[PDB]
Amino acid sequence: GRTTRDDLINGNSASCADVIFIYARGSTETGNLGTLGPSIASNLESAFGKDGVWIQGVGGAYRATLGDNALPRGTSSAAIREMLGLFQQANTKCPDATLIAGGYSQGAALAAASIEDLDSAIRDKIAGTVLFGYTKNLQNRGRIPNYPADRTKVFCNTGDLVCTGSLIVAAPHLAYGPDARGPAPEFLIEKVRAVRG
């Protein structure tokens, strides 16, 4: 933990964070950050300061329901609406914040779909996005539609079947902890500092 973070919903628009991180958990995971999000968050807080970054999980209508992986975009329409609404909150509350995003498994599909759909002016403020166990990795050829490769980092372990077109969960799918502790926040921090200094 903390596995629930609502720093954007509870954000002070007169004291905006420099960086706002919006993260979607995997299927059946707890809180709004699940198993990987808190590790990313602690590293972001150290890099930007506790008051310099807002950590926001995708809660609300995102139920992280296992069966929704089988829906067209790998998550539900209601979930996409929730994550889009959070990106819009960030844009409205803190128009000069640099955004960053991420997701695990269904949450990676949700991040990709939401980012695809977002108004381009808001999408263009997401300096980096990390995807773990990306369930649309094969189908989307390793990319988030409408979003540049340089700003994307996919963590797809060998033998994680969801990265090669399946929805079956095998052991490598449970081995993203090291990535969440190290290279994923490293990438986000790098990409934010690239644009912010």
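Each residue number is its position in the shown sequence, starting from 1.
- Stretches 28-36 and 49-57 differ in mean CA B factor, with 49-57 having the higher one.
- For the two regions 128-136 and 39-47, the entry's Cα B-factors average higher over 39-47.
- Highest C-alpha temperature factor among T75, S114, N91, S105 per the entry: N91.
- Of the candidates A180, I22, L188, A17, the PDB record gives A17 the highest C-alpha temperature factor.
- When the CA B factors of the chain's modelled residues are split into thirds, the value for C156 lands in the lowest one.
- Among the modelled residues of its chain, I122 has a C-alpha B-factor that falls in the highest third, as given in the PDB entry.
- When all modelled residues of the chain are sorted by CA temperature factor, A109 is found within the lowest third.
- For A101, the recorded CA temperature factor ranks within the lowest third of the chain's modelled residues.
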